[PDB]
Amino acid sequence: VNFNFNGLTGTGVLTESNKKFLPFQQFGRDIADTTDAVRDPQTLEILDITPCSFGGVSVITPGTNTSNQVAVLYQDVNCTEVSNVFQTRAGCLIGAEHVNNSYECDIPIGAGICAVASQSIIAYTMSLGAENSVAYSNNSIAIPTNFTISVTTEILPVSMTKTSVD
Amino acid sequence: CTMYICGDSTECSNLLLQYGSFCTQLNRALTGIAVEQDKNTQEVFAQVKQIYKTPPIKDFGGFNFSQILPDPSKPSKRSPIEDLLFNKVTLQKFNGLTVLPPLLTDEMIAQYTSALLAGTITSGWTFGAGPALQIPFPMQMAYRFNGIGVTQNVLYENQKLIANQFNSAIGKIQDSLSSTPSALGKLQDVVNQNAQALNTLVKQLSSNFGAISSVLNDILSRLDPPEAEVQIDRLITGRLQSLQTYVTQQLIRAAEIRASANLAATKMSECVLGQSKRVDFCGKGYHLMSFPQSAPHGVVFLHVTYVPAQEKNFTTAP
Amino acid sequence: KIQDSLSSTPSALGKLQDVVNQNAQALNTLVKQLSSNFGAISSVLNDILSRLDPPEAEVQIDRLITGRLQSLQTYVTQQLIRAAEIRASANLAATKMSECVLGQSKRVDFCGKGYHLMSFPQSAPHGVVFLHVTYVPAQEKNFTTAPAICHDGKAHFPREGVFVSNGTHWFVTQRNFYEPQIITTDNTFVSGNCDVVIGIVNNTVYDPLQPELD
Ligand SMILES: *[C@@H]1O[C@H](CO)[C@@H](O[C@@H]2O[C@H](CO)[C@@H](O)[C@H](O)[C@H]2NC(C)=O)[C@H](O)[C@H]1NC(C)=O
Ligand SMILES: *[C@@H]1O[C@H](CO)[C@@H](O[C@@H]2O[C@H](CO)[C@@H](O)[C@H](O)[C@H]2NC(C)=O)[C@H](O)[C@H]1NC(C)=O
Ligand SMILES: *[C@@H]1O[C@H](CO)[C@@H](O)[C@H](O)[C@H]1NC(C)=O
Ligand SMILES: *[C@@H]1O[C@H](CO)[C@@H](O)[C@H](O)[C@H]1NC(C)=O
Ligand SMILES: *[C@@H]1O[C@H](CO)[C@@H](O)[C@H](O)[C@H]1NC(C)=O
Ligand SMILES: *[C@@H]1O[C@H](CO)[C@@H](O)[C@H](O)[C@H]1NC(C)=O
Ligand SMILES: *[C@@H]1O[C@H](CO)[C@@H](O)[C@H](O)[C@H]1NC(C)=O
Ligand SMILES: *[C@@H]1O[C@H](CO)[C@@H](O)[C@H](O)[C@H]1NC(C)=O
């Protein structure tokens with residue numbers, strides 16, 4: 001709601017509170033100099049003001065070279081207010097199906113969840129790698145019997161275009 | 001940039017729009033920092049292609065790792081030391097500024113440190129170079145002794161003393177971290193600096209910057225547009241300059257954290273994954289082995305080193 | 001395989017394409033800022049000079065000056081930070097070139113995954129590509145071990161390698177490649193006795209003098 005309390009105006013959700021205002025104070029502010037609660041007139045009660053939910057909107061897309069299907073992530077609003085909808089600790093992702101089995105992370109979303117496969121966009125908890133255990137004992141050693149020689153490529157930038165502005 | 005500088009005002013939004021791309025370049029800078037922070041965590045912790053697991057029987061030749069291995073009885077499978085670190089550093093988003101979660105959660109980071117520690121315990125450095133080859137831990141430590149110019153027979157003849165000294169030093173580590181404050185200052189300072197930067201950025205909203213009033217709605221609601229527009233433009237310019245200062249400071253601080261993260265990843269690779277001959281790179285003394293532990297926004301290395309003790313003078317000849 | 005890998009896996013050169021893209025994006029926004037008014041009557045400086053008298057054109061020009069100078073300062077600051085990042089990367093590349101191409105590095109994972117053998121430099125636009133040739137151990141075999149061998153009461157330790165058994169016979173082998181050798185006095189050394197080490201098996205150690213004198 002758009003409120004106006006004795007000249008202090010703003011937008012937010014007004015809710016009941018348990019903050020004991022003293023008889024002479026009319027509104028209270030949090031750290032950082034912003035209003036946390038206010039005392040209503042006519043009825044003398046303490047209302048907490050929490051800004052109504054807002055947040056960035058992110059688009060999950062495989063790419064125009066693969067499919068035109070996209071998923072939408074609402075980062076810090078709940079979506080239980082304004083085709084599958086899955087709530088994650090990073091926000092609620094709509095359009096991606098939640099699959100219980102883990103895979104290697106492809107498109108990072110946040111809070112351990114990443115998200116195209118099997119003709120649709122899926123969302124899942126990222127795997128950290130194959131699970132294995134080493135046969136540890138107090139009298140067993142594994143020694144290789146055959147080298148393989150591998151070549152890896154590591155690419156490092158060294159310079160940038162020497163631009164100049166007059 | 002739009003909600004922070006101007007907010008819910010279209011009359012104001014139209015003036016913010018005349019500054020071009022400043023808001024898209026500040027969102028670009030902040031997204032760049034946010035992405036590199038996840039790259040930092042991935043490079044420092046995700047150095048193992050597979051998740052290794054320790055055996056259920058802790059027959060490590062007398063070496064006690066119960067203080068660095070995860071505790072299965074705890075709600076988040078943390079080791080005692082890591083639990084102490086999460087309980088020692090202690091850590092606002094209503095004016096259009098939000099904080100995104102990291103890609104790697106604390107549980108997942110702890111699982112990576114558990115994989116690294118189980119790998120180093122059960123296979124030495126072999127899991128870093130290729131496949132994890134099991135080796136008895138006393139034989140592993142005997143080779144690590146051989147790597148610093150002490151013949152492996154010194155460990156085997158003194159195995160009980162070495163195990164007792166290792167266990168005592170590890171036990172001392174928790175008491176030191178729990179009793180000497182400022183020990184975690186390198187992480188408390190970064191958390192404090194980021195909290196202070198956000199608190200200052202929000203506090204700048206109360207400043208006038210020369211305008212008659214800091215709150216846009218009362219000036220817009222009391223002054224006529226042809227004259228209020230100037231006060232709005234002045235406040236927008238001051239607030240935009242404040243945001244630019246915040247972003248620049250964050251870019252420099254991000255570069256500092258990136259350098260530290262690169263150093264941490266190098267230390268993890270050359271101290272935890274292997275054995276370093278680089279003097280004083282992996283703690284004071286001749287390096288034997290290292291143990292990674294996670295911490296809020298950082299990593300703690302337990303460097304186990306060999307230090308010469310009582311010495312005697314002898315006459316020599318080449 | 002390297003040629004096919006880089007020719008078939010996109011984003012493989014991402015570390016250089018991202019720097020080129022970041023510089024192009026910064027320069028593109030710097031140019032695009034010329035379309036902004038910053039409150040001036042028009043973004044084209046020449047049209048205001050062609051329509052306004054100096055005493056009033058000066059205020060519009062001063063506003064345009066302030067907006068473009070602060071935009072340029074933002075570009076320069078971001079370029080200084082990006083230059084510091086590229087400089088750090090170039091210093092790392094020079095260190096890698098020296099300690100991987102010019103020598104052989106013993107510091108693990110600094111010159112690729114595996115035990116470093118040698119490296120190859122390759123130039124690339126605004127960057128360098130290193131081909132690291134590394135030794136990677138493969139298929140391992142289990143063996144039973146012991147830290148020392150008791151012979152006639154004396155404790156023998158390997159000078160290099162470890163003692164392994166195939167179940168029935170004990171051999172000495174280097175740790176990084178299975179190559180069983182008979183335990184002798186010339187691959188093993190003596191220190192102490194077996195009654196001190198908690199891990200010991202009783203085997204025989206062959207002294208080449210035994211067959212040379214018989
Ligand atoms: C302000 O005036 C209103 C209306 O006169 C008061 O509301 C009344 O309060 C009495 C006492 O509690 C109740 O018995 C009535 O039923 C209330 N009427 C209504 C319509 O709510 C209100 O309490 C006054 N506030 C003050 C004096 O602080
Ligand atoms: C070590 O591995 C190499 C391959 O990595 C083996 O060479 C292969 O040998 C088989 C049978 O002799 C051939 O059919 C393959 O074509 C060979 N491949 C290559 C690339 O040469 C080699 O035999 C292995 N040695 C041991 C002792 O295991
Ligand atoms: C968001 O949704 C979840 C599940 O519906 C609920 O537990 C939580 O309280 C909600 N949070 C807010 C702020 O509405
Ligand atoms: C290791 O030490 C802890 C106490 O610090 C003890 O509870 C635990 O049983 C010990 N483990 C072994 C295997 O002795
Ligand atoms: C060694 O023995 C263990 C016994 O459980 C087995 O799991 C492991 O695969 C063996 N190693 C190899 C290289 O086969
Ligand atoms: C172990 O190796 C020796 C030497 O080749 C051989 O004589 C013996 O039969 C082998 N034993 C087993 C169980 O493989
Ligand atoms: C290896 O571990 C087993 C487990 O009980 C034990 O019985 C045996 O004595 C140990 N051997 C050595 C050499 O430590
Ligand atoms: C090795 O030999 C000694 C005497 O020669 C004996 O006392 C000892 O028990 C033997 N080792 C084992 C494991 O039985």
# chains A, B, ... in the order shown; residues from 1 in each chain; ligands from 1
>>> interface_residues(of="chain C", to="chain A", cutoff="6 Å", atoms="only C-alpha atoms", output="compact mmCIF listing (two decimals) with C-alpha atoms, in the first residue's frame")
# COMPACT_ATOMS: atom_id res chain seq x y z
CA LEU C 16 40.40 -14.38 -24.96
CA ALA C 90 50.31 -11.75 -18.25
CA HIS C 126 46.12 -11.04 -27.49
CA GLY C 127 47.12 -14.17 -25.61
CA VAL C 128 49.10 -17.38 -25.26
CA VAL C 129 48.07 -21.04 -25.33
CA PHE C 130 50.12 -23.64 -23.48
CA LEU C 131 50.14 -27.30 -24.50
CA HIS C 132 51.20 -29.20 -21.40
CA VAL C 133 52.49 -32.73 -21.90
CA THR C 134 51.99 -34.61 -18.65
CA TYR C 135 52.41 -38.13 -17.31
CA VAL C 136 49.17 -39.64 -15.99
CA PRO C 137 49.33 -43.02 -14.23
CA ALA C 138 46.82 -45.59 -15.40
CA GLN C 139 45.29 -48.79 -14.59
CA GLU C 140 46.50 -49.39 -11.04
CA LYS C 141 46.92 -52.78 -9.40
CA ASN C 142 46.43 -53.68 -5.74
CA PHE C 143 49.40 -55.05 -3.83
CA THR C 144 50.04 -55.99 -0.22
CA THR C 145 52.76 -53.92 1.42
CA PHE C 177 55.22 -47.41 -12.30
CA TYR C 178 54.90 -51.10 -11.49
>>> residues_around(residues="residue 41 in chain A", least_positions_apart="5", cutoff="9 Å", atoms="only C-alpha atoms", output="PyMOL selection string")
chain A and resi 5-6+26
>>> residues_around(residues="residue 90 in chain B", least_positions_apart="6", cutoff="12 Å", atoms="only C-alpha atoms", output="number ranges by chain")
B: 84, 184-185, 187-192, 195, 295-297
>>> interface_residues(of="chain B", to="chain C", cutoff="7 Å", atoms="only C-alpha atoms", output="PDB file with N, CA, C and O atoms, in the first residue's frame")
ATOM      1  N   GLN B  18      17.992  10.184 -19.019  1.00  0.00           N
ATOM      2  CA  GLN B  18      18.816  11.015 -19.891  1.00  0.00           C
ATOM      3  C   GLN B  18      20.311  10.809 -19.690  1.00  0.00           C
ATOM      4  O   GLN B  18      21.099  11.445 -20.394  1.00  0.00           O
ATOM      5  N   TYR B  19      20.726   9.955 -18.757  1.00  0.00           N
ATOM      6  CA  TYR B  19      22.137   9.694 -18.516  1.00  0.00           C
ATOM      7  C   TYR B  19      22.631   8.471 -19.271  1.00  0.00           C
ATOM      8  O   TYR B  19      23.745   8.006 -19.028  1.00  0.00           O
ATOM      9  N   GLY B  20      21.832   7.961 -20.192  1.00  0.00           N
ATOM     10  CA  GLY B  20      22.256   6.845 -21.015  1.00  0.00           C
ATOM     11  C   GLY B  20      22.435   5.526 -20.292  1.00  0.00           C
ATOM     12  O   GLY B  20      21.569   5.064 -19.543  1.00  0.00           O
ATOM     13  N   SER B  21      23.596   4.925 -20.521  1.00  0.00           N
ATOM     14  CA  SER B  21      23.942   3.570 -20.116  1.00  0.00           C
ATOM     15  C   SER B  21      24.538   3.427 -18.720  1.00  0.00           C
ATOM     16  O   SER B  21      25.074   2.357 -18.430  1.00  0.00           O
ATOM     17  N   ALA B 129      47.283 -36.002  -9.290  1.00  0.00           N
ATOM     18  CA  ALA B 129      47.876 -36.214 -10.606  1.00  0.00           C
ATOM     19  C   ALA B 129      46.981 -37.044 -11.516  1.00  0.00           C
ATOM     20  O   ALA B 129      46.858 -36.747 -12.708  1.00  0.00           O
ATOM     21  N   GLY B 130      46.353 -38.083 -10.986  1.00  0.00           N
ATOM     22  CA  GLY B 130      45.507 -38.937 -11.783  1.00  0.00           C
ATOM     23  C   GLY B 130      44.473 -39.654 -10.944  1.00  0.00           C
ATOM     24  O   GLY B 130      43.656 -39.033 -10.260  1.00  0.00           O
ATOM     25  N   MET B 139      52.788 -44.993   5.672  1.00  0.00           N
ATOM     26  CA  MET B 139      53.703 -45.059   4.540  1.00  0.00           C
ATOM     27  C   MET B 139      53.656 -43.780   3.719  1.00  0.00           C
ATOM     28  O   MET B 139      54.691 -43.319   3.218  1.00  0.00           O
ATOM     29  N   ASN B 153      63.059 -44.134   7.483  1.00  0.00           N
ATOM     30  CA  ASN B 153      63.182 -44.924   8.702  1.00  0.00           C
ATOM     31  C   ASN B 153      63.002 -44.079   9.950  1.00  0.00           C
ATOM     32  O   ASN B 153      62.631 -44.617  10.998  1.00  0.00           O
ATOM     33  N   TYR B 156      59.289 -44.408  10.869  1.00  0.00           N
ATOM     34  CA  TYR B 156      58.881 -45.716  11.366  1.00  0.00           C
ATOM     35  C   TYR B 156      59.440 -45.989  12.753  1.00  0.00           C
ATOM     36  O   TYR B 156      58.746 -46.554  13.602  1.00  0.00           O
ATOM     37  N   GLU B 157      60.691 -45.609  13.007  1.00  0.00           N
ATOM     38  CA  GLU B 157      61.207 -45.790  14.357  1.00  0.00           C
ATOM     39  C   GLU B 157      60.539 -44.853  15.357  1.00  0.00           C
ATOM     40  O   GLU B 157      60.444 -45.189  16.542  1.00  0.00           O
ATOM     41  N   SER B 269      46.273 -26.351  -4.412  1.00  0.00           N
ATOM     42  CA  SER B 269      46.862 -27.282  -5.362  1.00  0.00           C
ATOM     43  C   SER B 269      48.259 -27.715  -4.945  1.00  0.00           C
ATOM     44  O   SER B 269      48.572 -28.903  -4.991  1.00  0.00           O
ATOM     45  N   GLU B 270      49.086 -26.791  -4.464  1.00  0.00           N
ATOM     46  CA  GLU B 270      50.484 -27.083  -4.182  1.00  0.00           C
ATOM     47  C   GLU B 270      50.778 -27.407  -2.727  1.00  0.00           C
ATOM     48  O   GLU B 270      51.946 -27.534  -2.367  1.00  0.00           O
ATOM     49  N   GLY B 274      49.436 -31.770  -3.300  1.00  0.00           N
ATOM     50  CA  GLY B 274      50.778 -32.289  -3.424  1.00  0.00           C
ATOM     51  C   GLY B 274      51.578 -32.065  -2.155  1.00  0.00           C
ATOM     52  O   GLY B 274      51.052 -32.077  -1.046  1.00  0.00           O
ATOM     53  N   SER B 276      54.829 -29.283  -1.213  1.00  0.00           N
ATOM     54  CA  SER B 276      55.542 -28.134  -1.744  1.00  0.00           C
ATOM     55  C   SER B 276      56.966 -28.071  -1.222  1.00  0.00           C
ATOM     56  O   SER B 276      57.201 -28.194  -0.018  1.00  0.00           O
TER      57      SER B 276
END
>>> residues_near_ligand(ligand="ligand 4", cutoff="6 Å", atoms="only C-alpha atoms and all ligand atoms", output="count of residues only")
3
>>> interface_residues(of="chain A", to="chain B", cutoff="9 Å", atoms="only C-alpha atoms", output="NGL selection string")
:A and (7-11 or 30-34 or 50-51 or 54-56 or 75-76 or 89-90 or 108-114 or 128-144)
>>> residues_near_ligand(ligand="ligand 8", cutoff="8 Å", atoms="only C-alpha atoms and all ligand atoms", output="list in words")
residues 150, 151, 152, 153, 200, 201 and 202 of chain C
>>> residues_near_ligand(ligand="ligand 3", cutoff="10 Å", atoms="only C-alpha atoms and all ligand atoms", output="list in words")
residues 52, 53, 76, 77, 78, 79, 80, 81, 87, 88, 89, 91 and 92 of chain A
>>> write_last_selection(atoms="C-alpha atoms", output="compact mmCIF listing (two decimals), in the first residue's frame")
# COMPACT_ATOMS: atom_id res chain seq x y z
CA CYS A 52 6.54 -5.18 -0.75
CA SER A 53 8.49 -7.87 -2.58
CA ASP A 76 13.66 -12.53 -4.34
CA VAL A 77 9.91 -12.69 -4.59
CA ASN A 78 7.75 -15.63 -3.87
CA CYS A 79 5.63 -16.55 -6.87
CA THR A 80 2.62 -17.74 -4.89
CA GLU A 81 1.49 -14.26 -5.91
CA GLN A 87 10.70 -22.89 -5.40
CA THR A 88 14.46 -22.76 -4.75
CA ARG A 89 16.51 -20.91 -2.19
CA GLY A 91 13.93 -17.81 -5.88
CA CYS A 92 11.15 -19.55 -7.78
>>> residues_near_ligand(ligand="ligand 1", cutoff="8 Å", atoms="only C-alpha atoms and all ligand atoms", output="list in words")
residues 41, 42, 43 and 44 of chain A
>>> residues_near_ligand(ligand="ligand 6", cutoff="6 Å", atoms="only C-alpha atoms and all ligand atoms", output="JSON, numbers by chain")
{"C": [166, 167, 168, 169]}
>>> write_last_selection(atoms="N, CA and C atoms", output="tab-separated table (two decimals), in the first residue's frame")
chain	number	residue	atom	x	y	z
C	166	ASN	N	52.79	-59.96	-4.57
C	166	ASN	CA	51.68	-60.43	-5.38
C	166	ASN	C	50.90	-61.50	-4.64
C	167	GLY	N	51.02	-61.54	-3.32
C	167	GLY	CA	50.43	-62.57	-2.49
C	167	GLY	C	51.51	-63.51	-2.00
C	168	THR	N	52.34	-64.03	-2.89
C	168	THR	CA	53.30	-65.06	-2.52
C	168	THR	C	54.75	-64.58	-2.49
C	169	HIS	N	55.12	-63.58	-3.28
C	169	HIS	CA	56.50	-63.12	-3.35
C	169	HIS	C	56.59	-61.61	-3.18
>>> atom_distance(atom1="CA of residue 263 in chain B", atom2="CA of residue 44 in chain B")
8.9 Å
>>> residues_around(residues="residue 209 in chain C", least_positions_apart="4", cutoff="10 Å", atoms="only C-alpha atoms", output="list in words")
residues 185, 213 and 214 of chain C
